[PDB]
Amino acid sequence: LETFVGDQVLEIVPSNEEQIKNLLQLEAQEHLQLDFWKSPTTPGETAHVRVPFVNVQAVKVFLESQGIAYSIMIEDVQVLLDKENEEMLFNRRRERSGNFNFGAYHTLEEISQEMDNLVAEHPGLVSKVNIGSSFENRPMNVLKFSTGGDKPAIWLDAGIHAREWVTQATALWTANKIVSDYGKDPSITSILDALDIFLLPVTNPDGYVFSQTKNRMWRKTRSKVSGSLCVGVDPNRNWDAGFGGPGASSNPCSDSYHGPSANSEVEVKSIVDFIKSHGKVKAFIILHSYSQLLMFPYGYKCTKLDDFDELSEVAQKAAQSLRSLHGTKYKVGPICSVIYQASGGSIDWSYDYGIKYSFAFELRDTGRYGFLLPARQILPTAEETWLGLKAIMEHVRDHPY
């Protein structure tokens, strides 16, 4: 168990090119052990960084010495982690007699158990598909929602980055929501009558197990590198889309390490192979946290893609639908514009492969809790996200290609 007693999350706002260059260096300095929750991008944009207790003063002094403005966003990370653990075990005890509570975080085993129950209770609509195994030999199980036939499909995944807990939780709630509304809501009914939906709730099972058992801040896979005492690759920088280019690190010990080669991670290779074998995937949506962003390609290059106008229109519609429920605001745009240049991303590969409707969601919140989003926000997050997902799915249904 890794503790974060005293760790602080600072919000920094570089105002010029030099301050950014300074922050990028810090981020690149693996030995300082800083954890950038939100990397520096362009002047005027905030960056969030978790600084280990021992280095808090030294980092603050350096910041001030460079005249870099900052503020304490989270006073003590351990405070949040303790509440998370407490609420999690409380729920676990209540589930011993009660029903599965979707408004709570669960273990990988509990998630799998629930996926089997879902298939068991609705055999004519839901089935489990195994697409491979993770590095540590865990099955990559996908839920296939279908009414039958050889239909085109919509791909939806969550949890590629281990610590983004609200994503796996949101994906499981979504699976229950589809089966609950099918045959009731005319929209979800028509979408399913026209397409199959493949949902992968835990895209990085090894990293997830590790974040719950050893380090809550882990984000990468758990693969073993030949010739490095460092572990893992950033699964969202491992795809064949401008692989190895700017916006990724070649340092095995970096949390942004791209891996030895494109598709080197079995978790990623499994997805790529499933998609190539299927041959009729029409939409590819990936869930992450946090920042409240709805993006489309590209991330590896910053030029507008062919379908810019349509994708922009679709994402805007989805963002407005999601906003209606609780007033949550999302930034919309191509990856490079919204965040910055990042290579080897999944939606860039899917789009280049020919899947036009490729989108990535960065869920709640904007920094107050970050990855440690309180369980009470899981339901509000899943409900409003469903509105955005449905809007995209309706468009795919209505626009065959």
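The first residue of the sequence shown is number 1, and the count goes up from there.
K.L.:
Report the stretch with the higher mean CA temperature factor, choosing between 264 to 272 and 82 to 90 on the basis of the entry.
P.N.:
The recorded data point to 82 to 90.
K.L.:
Mind pulling up the entry and telling me whether 240 to 248 or 165 to 173 has the higher mean Cα temperature factor?
P.N.:
Here the higher of the two C-alpha B-factor means belongs to 240 to 248.
K.L.:
Would you mind finding, among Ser228, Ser223, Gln292, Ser133, the residue with the largest C-alpha temperature factor in the entry?
P.N.:
Highest CA B-factor of the listed options: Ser228.
K.L.:
Please pick out which of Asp206, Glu75, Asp234, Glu310 has the largest Cα B-factor as recorded in the entry.
P.N.:
So the option with the highest C-alpha B-factor is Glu75.
K.L.:
Please place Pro374 in the lowest, middle or highest third of its chain by C-alpha B factor as given in the entry.
P.N.:
CA B-factor rank for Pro374: middle third.
K.L.:
Comparing against every modelled residue in the chain, figure out the third that the C-alpha B-factor of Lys356 lands in (lowest, middle or highest).
P.N.:
For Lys356, whose C-alpha B-factor we compare with every modelled residue in the chain, the answer is the middle third.
K.L.:
Please say which third, lowest, middle or highest, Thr42 falls into when its CA temperature factor is compared across its chain.
P.N.:
It belongs to the highest third of the chain when residues are ordered by C-alpha B-factor.
K.L.:
Ordered by C-alpha B-factor within the chain, which third holds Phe210? Give me lowest, middle or highest, please.
P.N.:
As the PDB entry reports it, the C-alpha B-factor of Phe210 lands in the lowest third of its chain.
K.L.:
What third of the chain does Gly159 rank in for C-alpha temperature factor, lowest, middle or highest?
P.N.:
Lowest third - that is where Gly159 ends up once the chain's C-alpha B-factors are sorted.
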